[PDB]
$ cat my_file.txt   # compact mmCIF, C-alpha atoms
# COMPACT_ATOMS: atom_id res chain seq x y z
CA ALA Y 1 -4.55 -21.73 9.43
CA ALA Y 2 -1.11 -23.04 10.27
CA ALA Y 3 0.50 -22.39 6.80
CA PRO Y 4 2.16 -19.06 6.14
CA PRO Y 5 -0.38 -16.29 5.40
CA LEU Y 6 -0.66 -15.43 1.71
CA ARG Y 7 0.57 -11.93 2.52
CA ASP Y 8 3.81 -13.46 3.83
CA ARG Y 9 4.15 -15.66 0.75
CA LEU Y 10 3.92 -12.52 -1.39
CA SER Y 11 6.36 -10.45 0.66
CA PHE Y 12 8.79 -13.36 0.59
CA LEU Y 13 8.56 -13.53 -3.21
CA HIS Y 14 9.76 -9.91 -3.18
CA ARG Y 15 12.80 -10.94 -1.08
CA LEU Y 16 13.88 -13.76 -3.41
CA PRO Y 17 16.53 -11.61 -5.19
CA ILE Y 18 18.38 -11.31 -1.84
CA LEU Y 19 18.20 -15.05 -1.23
CA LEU Y 20 19.06 -16.11 -4.79
CA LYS Y 21 22.19 -13.95 -4.72
CA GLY Y 22 23.20 -15.28 -1.29
CA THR Y 23 22.82 -19.01 -2.05
CA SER Y 24 23.90 -19.36 -5.69
CA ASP Y 25 25.44 -22.79 -6.27
CA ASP Y 26 28.92 -21.55 -7.18
CA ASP Y 27 32.29 -20.83 -5.58
CA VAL Y 28 31.88 -17.03 -5.25
CA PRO Y 29 31.28 -16.26 -1.55
CA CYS Y 30 28.05 -14.70 -0.33
CA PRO Y 31 28.54 -10.93 0.15
CA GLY Y 32 28.70 -9.94 3.80
CA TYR Y 33 25.82 -7.47 3.61
CA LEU Y 34 23.28 -10.18 2.68
CA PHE Y 35 23.54 -11.94 6.05
CA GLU Y 36 21.86 -9.14 7.98
CA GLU Y 37 19.36 -8.75 5.14
CA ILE Y 38 18.38 -12.39 5.60
CA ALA Y 39 18.13 -12.04 9.37
CA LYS Y 40 15.74 -9.11 8.86
CA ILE Y 41 13.52 -11.35 6.72
CA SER Y 42 13.19 -13.80 9.61
CA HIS Y 43 12.10 -10.97 11.94
CA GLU Y 44 9.31 -9.74 9.62
CA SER Y 45 6.75 -12.27 10.85
CA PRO Y 46 6.35 -15.94 11.75
CA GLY Y 47 5.07 -16.54 8.22
CA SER Y 48 8.19 -14.95 6.75
CA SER Y 49 10.32 -17.23 8.92
CA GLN Y 50 8.43 -20.27 7.66
CA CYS Y 51 8.90 -19.28 4.01
CA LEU Y 52 12.59 -18.60 4.66
CA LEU Y 53 13.08 -22.02 6.26
CA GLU Y 54 11.39 -23.77 3.32
CA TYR Y 55 13.76 -22.02 0.92
CA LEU Y 56 16.95 -22.62 2.89
CA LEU Y 57 16.24 -26.28 3.68
CA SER Y 58 15.34 -26.94 0.05
CA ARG Y 59 18.66 -25.45 -1.09
CA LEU Y 60 20.59 -27.28 1.64
CA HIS Y 61 19.22 -30.63 0.56
CA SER Y 62 19.39 -30.07 -3.22
CA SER Y 63 22.48 -27.93 -3.94
CA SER Y 64 26.00 -29.09 -4.65
CA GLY Y 65 28.54 -28.53 -1.89
CA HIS Y 66 28.97 -24.88 -2.86
CA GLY Y 67 25.35 -23.96 -2.20
CA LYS Y 68 25.16 -26.20 0.87
CA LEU Y 69 28.09 -24.32 2.36
CA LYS Y 70 26.43 -20.94 1.78
CA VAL Y 71 23.18 -22.11 3.38
CA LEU Y 72 25.05 -23.48 6.41
CA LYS Y 73 26.85 -20.15 6.88
CA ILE Y 74 23.53 -18.30 6.62
CA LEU Y 75 21.92 -20.64 9.17
CA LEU Y 76 24.79 -20.14 11.62
CA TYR Y 77 24.43 -16.36 11.27
CA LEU Y 78 20.70 -16.70 11.96
CA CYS Y 79 21.50 -18.47 15.26
CA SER Y 80 22.96 -15.16 16.47
CA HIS Y 81 20.83 -12.63 14.55
CA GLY Y 82 17.57 -14.28 13.45
CA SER Y 83 14.17 -14.47 15.08
CA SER Y 84 13.50 -16.82 17.99
CA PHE Y 85 10.66 -18.32 15.96
CA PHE Y 86 12.99 -19.14 13.08
CA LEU Y 87 15.32 -20.91 15.46
CA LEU Y 88 12.43 -22.94 16.94
CA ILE Y 89 11.41 -24.18 13.50
CA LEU Y 90 15.02 -24.87 12.48
CA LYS Y 91 15.39 -26.96 15.63
CA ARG Y 92 12.35 -28.97 14.55
CA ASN Y 93 14.16 -29.79 11.31
CA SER Y 94 17.46 -30.87 12.94
CA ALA Y 95 17.46 -33.99 10.75
CA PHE Y 96 18.60 -31.79 7.84
CA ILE Y 97 21.57 -30.53 9.87
CA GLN Y 98 22.63 -34.07 10.74
CA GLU Y 99 22.33 -34.95 7.04
CA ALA Y 100 24.61 -32.05 6.07
CA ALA Y 101 27.17 -33.08 8.70
CA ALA Y 102 27.22 -36.49 6.96
CA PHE Y 103 27.67 -35.12 3.40
CA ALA Y 104 30.03 -37.43 1.49
CA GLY Y 105 30.67 -38.44 -2.09
CA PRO Y 106 33.26 -39.14 -4.77
CA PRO Y 107 36.35 -36.91 -4.81
CA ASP Y 108 36.57 -33.94 -7.14
CA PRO Y 109 39.26 -34.12 -9.85
CA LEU Y 110 40.85 -30.83 -8.76
CA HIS Y 111 39.92 -30.30 -5.11
CA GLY Y 112 39.61 -33.88 -3.88
CA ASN Y 113 37.44 -34.14 -0.81
CA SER Y 114 37.93 -30.57 0.43
CA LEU Y 115 34.42 -29.32 -0.38
CA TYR Y 116 32.85 -32.24 1.46
CA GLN Y 117 35.13 -31.48 4.41
CA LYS Y 118 34.16 -27.82 4.47
CA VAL Y 119 30.46 -28.64 4.31
CA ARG Y 120 30.70 -31.14 7.17
CA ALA Y 121 32.67 -28.74 9.37
CA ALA Y 122 30.17 -25.94 8.74
CA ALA Y 123 27.32 -28.27 9.73
CA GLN Y 124 29.20 -29.31 12.88
CA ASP Y 125 29.65 -25.61 13.68
CA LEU Y 126 25.92 -24.99 13.18
CA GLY Y 127 25.04 -28.02 15.32
CA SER Y 128 27.30 -26.99 18.19
CA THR Y 129 25.53 -23.62 18.34
CA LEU Y 130 21.95 -24.73 17.67
CA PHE Y 131 21.92 -27.96 19.71
CA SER Y 132 23.81 -26.77 22.82

$ encode --input "my_file.txt" --output "structure tokens"
Amino acid sequence: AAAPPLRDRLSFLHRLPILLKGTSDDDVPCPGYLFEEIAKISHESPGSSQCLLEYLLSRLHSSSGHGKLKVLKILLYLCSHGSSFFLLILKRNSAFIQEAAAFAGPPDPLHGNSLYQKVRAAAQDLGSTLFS
């Protein structure tokens, strides 16, 4: 049984309020205290780590730049504070990090290309830590 144990699916459902607050697709920064909260989720079990990766990679791929930026900051924090297992599985999905480092699109009317720039630099920062 290689999928996350049902018990880990259920415990992760109980952690979704933490994650939803920390990755909302808006310009209000993620509160500092949620980073350690997230790291603790990854240390609960391998199954927890797998559920967490599914959530974060889904948001990274699907969100606007605002949510992508929050996910990338969370992932960089997890490089220093998350479980070794979580890092192993994130490494396996390095294609998503390369994709984020290539995020581009049409300029915003107010902010131009600054959000794209931020997102790409955060993904480069994650890559330099995770891939080195």

$ closest_atom_pairs --input "my_file.txt" --of "range 1-85 of chain Y" --to "range 100-119 of chain Y" --cutoff "10 Å" --atoms "all atoms listed in the file" --output "tab-separated table"
residue	atom	partner	partner_atom	distance
Y:60	CA	Y:100	CA	7.7
Y:61	CA	Y:100	CA	7.8
Y:64	CA	Y:115	CA	9.4
Y:65	CA	Y:115	CA	6.1
Y:66	CA	Y:115	CA	7.5
Y:67	CA	Y:119	CA	9.5
Y:68	CA	Y:119	CA	6.8
Y:69	CA	Y:119	CA	5.3
Y:70	CA	Y:119	CA	9.1
Y:71	CA	Y:119	CA	9.8
Y:72	CA	Y:119	CA	7.8
Y:73	CA	Y:119	CA	9.6

$ closest_residue --input "my_file.txt" --among "Y:92, Y:76, Y:26, Y:17" --to "residue 123 in chain Y" --atoms "all atoms listed in the file"
Y:76

$ atom_distance --input "my_file.txt" --atom1 "CA of residue 124 in chain Y" --atom2 "CA of residue 89 in chain Y"
18.5 Å

$ closest_residue --input "my_file.txt" --among "Y:79, Y:1, Y:38, Y:97" --to "residue 130 in chain Y" --atoms "only C-alpha atoms"
Y:79

$ atom_distance --input "my_file.txt" --atom1 "CA of residue 131 in chain Y" --atom2 "CA of residue 94 in chain Y"
8.6 Å

$ residues_around --input "my_file.txt" --residues "residue 84 in chain Y" --least-positions-apart "5" --cutoff "10 Å" --atoms "only C-alpha atoms" --output "mmCIF file with C-alpha atoms, in the frame of the given file"
data_model
loop_
_atom_site.group_PDB
_atom_site.id
_atom_site.type_symbol
_atom_site.label_atom_id
_atom_site.label_comp_id
_atom_site.auth_asym_id
_atom_site.auth_seq_id
_atom_site.Cartn_x
_atom_site.Cartn_y
_atom_site.Cartn_z
ATOM 1 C CA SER Y 42 13.190 -13.800 9.610
ATOM 2 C CA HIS Y 43 12.100 -10.970 11.940
ATOM 3 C CA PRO Y 46 6.350 -15.940 11.750
ATOM 4 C CA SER Y 49 10.320 -17.230 8.920
ATOM 5 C CA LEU Y 78 20.700 -16.700 11.960
ATOM 6 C CA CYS Y 79 21.500 -18.470 15.260
ATOM 7 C CA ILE Y 89 11.410 -24.180 13.500
ATOM 8 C CA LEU Y 90 15.020 -24.870 12.480
#

$ atom_distance --input "my_file.txt" --atom1 "CA of residue 122 in chain Y" --atom2 "CA of residue 4 in chain Y"
29.0 Å

$ closest_residue --input "my_file.txt" --among "Y:16, Y:87, Y:56, Y:74" --to "residue 32 in chain Y" --atoms "only C-alpha atoms"
Y:74

$ closest_residue --input "my_file.txt" --among "Y:128, Y:23, Y:11, Y:50" --to "residue 85 in chain Y" --atoms "all atoms listed in the file"
Y:50
